[PDB]
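J.:
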Amino acid sequence: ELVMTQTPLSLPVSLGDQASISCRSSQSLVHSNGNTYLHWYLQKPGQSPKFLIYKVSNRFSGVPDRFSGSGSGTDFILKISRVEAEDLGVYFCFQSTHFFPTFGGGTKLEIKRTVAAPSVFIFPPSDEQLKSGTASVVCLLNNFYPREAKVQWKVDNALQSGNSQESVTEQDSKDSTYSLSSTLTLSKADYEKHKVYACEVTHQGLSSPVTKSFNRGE
Amino acid sequence: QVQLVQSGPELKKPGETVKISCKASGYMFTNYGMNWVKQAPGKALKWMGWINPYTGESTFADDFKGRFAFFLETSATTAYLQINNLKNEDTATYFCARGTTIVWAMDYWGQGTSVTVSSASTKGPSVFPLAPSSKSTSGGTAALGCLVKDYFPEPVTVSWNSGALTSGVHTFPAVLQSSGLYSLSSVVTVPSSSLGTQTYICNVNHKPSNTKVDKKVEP
Ligand SMILES: CC(=O)[C@H]1CC[C@H]2[C@@H]3CCC4=CC(=O)CC[C@]4(C)[C@H]3CC[C@]12C
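These protein sequence lines are chains A and B, in that order. Counting from 30, one number per residue, gives the positions in the first sequence under this note's numbering. Counting from 6, one number per residue, gives the positions in the second sequence under this note's numbering.
1. What does the Cβ neighbour count give for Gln-47/A, buried or exposed, with the cut at 16 atoms within 10 Å?
2. Give the secondary structure of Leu-38/A by DSSP, where H, G and I count as helix, E and B as strand, and everything else as coil.
3. Any residue with its C-beta under 6 angstroms from a non-hydrogen atom of ligand 1 counts. Can you list them all in chain order?
4. Quick one: using the 10 Å Cβ neighbour count with 16 as the cut-off for buried, is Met-33/B buried or exposed?
5. Which same chain residues end up closer than 8 angstroms to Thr-103/A when comparing Cβ atoms and leaving out the 5 residues on each side of it in sequence?
6. Considering only residues of the same chain and omitting the five flanking positions on each side of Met-33/A, which have a CB-CB separation below 7 angstroms?
7. Comparing alpha-carbon positions, which option in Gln-44/B, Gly-47/B, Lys-70/B and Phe-76/B lies nearest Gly-38/B?
8. Does DSSP put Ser-198/B in a helix, in a strand, or in coil?
9. For the segment 159–209 of chain A, which segments carrying the beta strand (DSSP E) assignment without a break, of at least 3 residues, lie completely within its bounds, in sequence order?
10. In three-state DSSP terms, what is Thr-83/B?
11. Would you mind sorting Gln-203/B into buried or exposed? The rule is 16 or more other CB atoms within 10 Å of its CB.
12. Between the segment 77–89 of chain A and chain B, which residues of the former have a C-beta closer than 9 angstroms to a C-beta of the latter?
13. Just how far apart, CA to CA, sit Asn-171/A and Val-149/A?
14. Taking all protein chains shown into account, do 16 or more other C-beta atoms lie within 10 angstroms of the C-beta of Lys-222/A, making it buried, or fewer, making it exposed?
15. Just list the beta strand (DSSP E) runs in the segment 105–168 of chain B, keeping only unbroken ones of 3 residues or longer that don't cross its boundaries, in chain order.
16. Could you check whether the Cβ of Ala-125/B sits closer than 8 angstroms to any Cβ belonging to chain A?
17. Provide the residue(s) that pair with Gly-98/A in DSSP beta bridges, ordered along the chain.
18. Would you list the one or two residues that DSSP bridges to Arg-88/A?
19. Check the DSSP bridge columns for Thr-35/B and list the partner residues they point to.
20. Helix, strand or coil for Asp-46/A, going by three-state DSSP, please let me know.
21. Measuring only between beta-carbons, confirm whether residue 14/A sits less than 8 angstroms from chain B.
22. Check for me: the beta strand (DSSP E) holding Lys-17/B runs from which residue to which?
23. Which chain B residues are close to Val-167/A, counting only those with a beta carbon under 9 angstroms from its beta carbon?
24. From the DSSP output, in three-state form, read off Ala-218/A for me.
25. Does residue 4/A pass the burial test, meaning 16 or more other C-beta atoms within 10 Å, or should it be called exposed?
26. What did DSSP end up calling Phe-69/B once you bin it into helix, strand or coil?
27. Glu-229/A and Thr-240/A: beta carbons closer than 8 angstroms?
28. List the residues of chain A whose Cβ lies closer than 9 angstroms to the Cβ of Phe-100/B, in chain order.
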């Protein structure tokens with residue numbers, strides 16, 4: 030039973046630079062009939078895989094020219110030269126020489142770009158939500174890079190703990206930024222005990238922390 | 006062109022059977038292999054096996070020897086996967102993919118069917134406007150959205166203005182809270198000038214619970 034190894038697991042590259050994902054294999058992928066049945070797929074965030082390369086070194090139709098594959102026997106490279114924003118995704122090698130066909134573990138290609146500062150927003154809970162008996166406050170950080178961002182909640186100028194949640198998007202396919210949401214969740218009663226709600230964002234792009242807030246019942 | 010369109014999300018108790026389908030079009034169905042690939046959350050793809058629709062015959066990879074079957078309906082060009090006596094290990098996304106036999110590789114893939122195995126009962130979301138704060142009077146870009154709250158299982162599907170507003174939209178990964186349930190937000194950015202022009206509806210479908218909801222997001 031063959032093993033199909035990919036390196037790295039995670040490959041940061043900047044735009045225009047070249048990228049090498051490699052894929053080793055426990056045993057030769059040459060069929061006794063003469064061919065090598067090594068292929069590559071790209072799986073973009075959320076989507077189903079895309080056919081890239083077949084039989085080691087062939088671009089599938091529609092696949093741009095800056096993707097190329099090579100190698101022989103046990104060692105294969107996929108090279109994306111002049112990398113672009115939409116090359117973002119997970120690359121898998123697939124062998125079907127020996128039964129049974131197998132996938133590498135995938136390499137996550139990450140785009141490196143210049144720092145970009147977040148646009149910060151805040152949304153009070155909706156009337157509708159209150160009616161049902163809870164308050165959720167949402168703080169949006171839009172279009173930033175790098176991923177790292179410290180989001181803090183001040184409720185009436187007191188810091189909060191373990192009562193909010195963060196979610197981050199995958200890297201953007203055109204500009205390679207991230208977006209994030211922090212959600213403070215209080216009970217309707219708790220929410221009404223206070224008046225000022227604020228998320229303060231700290232981030233590499235900001236020369237000093239930006240605070241967004243509101244007073245209740247606006 | 007070649008299209009493989011698979012059936013919706015499924016929620017099944019452990020021990021039950023599931024049957025997922027995959028309808029093919031835009032080519033001679035019987036002439037190409039049909040492969041099935043498993044994808045557990047954040048994990049790599051796994052090749053389960055294929056059915057040869059010209060002989061009706063199935064091959065499975067070692068792990069999927071056992072509780073797994075492939076079926077065909079050539080007349081209707083559909084292929085099926087059936088898993089039975091379901092376990093939590095089966096919670097995953099399942100892909101059918103056309104097997105282009107001339108080079109021994111899958112070329113066209115279905116969009117993926119997501120199956121949750123859980124002892125727990127479907128719970129449908131509540132949807133709340135995340136209402137924009139920028140007065141239409143002033144400049145810049147304003148932000149707005151929907152809080153899709155307290156549902157199980159994954160996934161829910163958010164679109165805006167019936168999928169005719171896609172630019173500037175961010176639908177966040179679902180996240181868990183101590184309740185055992187999921188929540189997310191879909192936000193969009195728009196010129197503040199247009200908030201007093203035209204309307205913004207977010208359209209949330211959650212199929213395991215049969216909730217389709219539209220929410221008018223406004224000041
Ligand atoms: C090894 C062998 O005899 C060959 C004959 C036909 C080949 C199969 C043809 C269909 C096919 C399509 C795929 O996408 C995976 C590889 C497979 C599953 C092939 C694997 C190797 C097979 C099974």
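Ideal Cβ placement from N, Cα and C applies to all residues, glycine included.
T.: With the structure as the only source:
1. In the first sequence, residue 47/A corresponds to position 18, counting from 1. That one is exposed.
2. Here the question's residue 38/A lines up with position 9 in the first sequence. Reduced to three states, the DSSP call for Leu-38/A is coil.
3. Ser-125/A, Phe-128/A, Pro-130/A, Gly-38/B, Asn-40/B, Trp-55/B, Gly-104/B, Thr-106/B, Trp-109/B, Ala-110/B and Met-111/B
4. Position 28 of the second sequence holds residue 33/B. With fewer than 16 other Cβ atoms within 10 Å, it is exposed.
5. Walking along the first sequence from the start, residue 103/A turns up at place 74. Correct list, in chain order: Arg-53, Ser-54, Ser-55, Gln-56, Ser-57 and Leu-58.
6. Counting from one through the first sequence, the residue named residue 33/A turns up at place 4. Within the same chain, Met-33/A has close Cβ partners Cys-52, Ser-54, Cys-122, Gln-124, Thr-131, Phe-132 and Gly-133.
7. Position 33 of the second sequence holds residue 38/B. Among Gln-44/B, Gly-47/B, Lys-70/B and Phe-76/B, the Cα nearest to that of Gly-38/B belongs to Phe-76/B.
8. Walking along the second sequence from the start, residue 198/B turns up at place 193. In the structure shown, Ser-198/B sits in a helix (DSSP, three-state: H, G or I).
9. 163–173, 179–184 and 193–197
10. Translated into positions along the second sequence, residue 83/B becomes position 78. In the structure shown, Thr-83/B adopts extended strand secondary structure according to DSSP, grouped into three states.
11. For this step, residue 203/B is matched to residue 198 along the second sequence. Exposed.
12. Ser-77, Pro-78, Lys-79, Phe-80, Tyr-83, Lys-84, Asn-87 and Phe-89
13. Locating residue 171/A in the first sequence gives position 142, counting from the first residue. Locating residue 149/A in the first sequence gives position 120, counting from the first residue. Distance between the alpha carbons of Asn-171/A and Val-149/A is about 6 angstroms.
14. Residue 222/A sits at position 193 when you count from the first residue of the first sequence. Result: exposed.
15. Qualifying beta strand (DSSP E) stretches, in chain order: 110–114, 118–122, 131–135, 146–156 and 162–165.
16. Stepping through the second sequence from its first residue, residue 125/B is reached at position 120. No, its Cβ sits nowhere closer than 8 angstroms to a Cβ of chain A.
17. Within the first sequence, numbered from 1, the residue matching residue 98/A stands at position 69. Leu-107/A, per the DSSP bridge assignment.
18. Residue 88/A sits at position 59 when you count from the first residue of the first sequence. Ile-82/A.
19. Residue 35/B sits at position 30 when you count from the first residue of the second sequence. Paired residues: none, contrary to the question.
20. Start at 1 with the first residue of the first sequence, and residue 46/A comes out as number 17. Looking at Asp-46/A - three-state DSSP - the assignment turns out to be coil, as it is neither helix nor strand.
21. The structure shown does not extend to residue 14/A, since chain A is modelled only from 30 to 247, so the question has no answer here.
22. Mapped onto the second sequence, residue 17/B falls at position 12. Element bounds for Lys-17/B: 15–17.
23. Taking the first sequence and counting its residues from 1, one reaches residue 167/A at position 138. Ordered by position in chain B, the residues that pass the 9 angstroms Cβ test against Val-167/A are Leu-135, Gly-150, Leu-152, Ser-190 and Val-192.
24. As a first step, residue 218/A must be located in the first sequence, where it is residue number 189. Three-state result, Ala-218/A: helix.
25. For chain A, the structure presents residues 30 to 247; residue 4/A sits outside this window and is missing.
26. Counting from one through the second sequence, the residue named residue 69/B turns up at place 64. In this structure, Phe-69/B counts as helix in the three-state DSSP scheme.
27. The residue given as residue 229/A occupies position 200 in the first sequence. The residue given as residue 240/A occupies position 211 in the first sequence. The answer is yes: Cβ separation under 8 angstroms.
28. Here residue 100/B is taken as the residue at index 95 of the second sequence, counted from 1. Neighbours of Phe-100/B on chain A, chain order: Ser-77 and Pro-78.
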